[PDB]
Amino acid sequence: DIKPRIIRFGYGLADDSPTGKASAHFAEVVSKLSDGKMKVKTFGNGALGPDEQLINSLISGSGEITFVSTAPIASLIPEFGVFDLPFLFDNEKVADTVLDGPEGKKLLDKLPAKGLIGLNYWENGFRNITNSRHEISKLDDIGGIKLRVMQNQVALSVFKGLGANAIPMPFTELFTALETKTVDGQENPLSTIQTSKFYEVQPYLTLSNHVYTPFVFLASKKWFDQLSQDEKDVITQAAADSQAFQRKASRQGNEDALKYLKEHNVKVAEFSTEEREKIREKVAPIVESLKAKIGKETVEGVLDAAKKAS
């Protein structure tokens, strides 16, 4: 019980990013599972606007499918702000376990009230600081840096707390802000830094891995609800296939991105053990302060699930 249908899937990252390629994989599996009747059309590189517009497109129904970072969802469902807290997850295995577990599900379950279906979580990843003013090797080096952040009170508060001038901006305006030096820097996973070419305008990279961002793989509830059960199954089955593909592609892409950026002679720094503990001490107080704007129960439940998986 599948009728011919065309499905639009916009997103912000470049087409050849790992998640870009995972979106093409989703389209192929949807085709395969529906004998070519359900055709997904991918619009990468922000062609359908940034996360915030994609989100609104799905709620209204001009778009069907997207993936977005959790941070712009905090603007709808504040509990999603939890993932902008630094150092939540020690590694990708913990993140997978927590996100695929009850604490991840509790958050996804809040989406239908806002007109969205959270099909599952994909991996954006560990974020790393890039900038064009000077090497960042010490907490103090962040002082006064004009750093773009995702558009969220948690992201803004965290980096202001670390001494930056935190400048919320949509991802889709970021390359130009970096190139014109309207902003000194940004922070994102390595494969994004690479595939969106931020290295061409960011001579300095710090391997800080300070925050882990999930993507949410989203469907418009208005559109999803009008589908037949056989059609919903194609989408959810393809979503499960594509999550596994995405996460594997993301992790390989991280390894490849690091190699490329080093071989291309980007200047790479890290936070020493001493600097890392200075970071944590600065971080504790308004992590504590920010629980009230996220949701105490979400924060404590995520932190507990992460301990149990680690």
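Only the largest set of C-alpha atoms that superpose within 1.5 Å between the two forms is called the rigid core. The first residue of the sequence shown is number 1, and the count goes up from there.
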item	value
Between 263 to 271 and 51 to 59, larger RMS Cα displacement in 4 other deposited structures of this protein after core fit	263 to 271
Which of 26 to 34 and 278 to 286 has higher mean CA B factor, as the PDB entry lists it	278 to 286
Mean Cα B-factor comparison, 233 to 241 or 209 to 217, giving the higher one as deposited	233 to 241
Which of 246, 45, 69, 60 ranks first by CA B-factor in the deposited coordinates	60
Third assignment of residue 17 from its chain's C-alpha B-factors	middle
CA B-factor placement of residue 228, once the chain's modelled residues are sorted into thirds	highest
Where the record places residue 7 (Cα B-factor, split into thirds across the chain)	lowest
Entry-reported Cα temperature factor of residue 132, expressed as the chain third it lands in	middle
CA B-factor ranking of residue 140, expressed as a third of its chain	highest
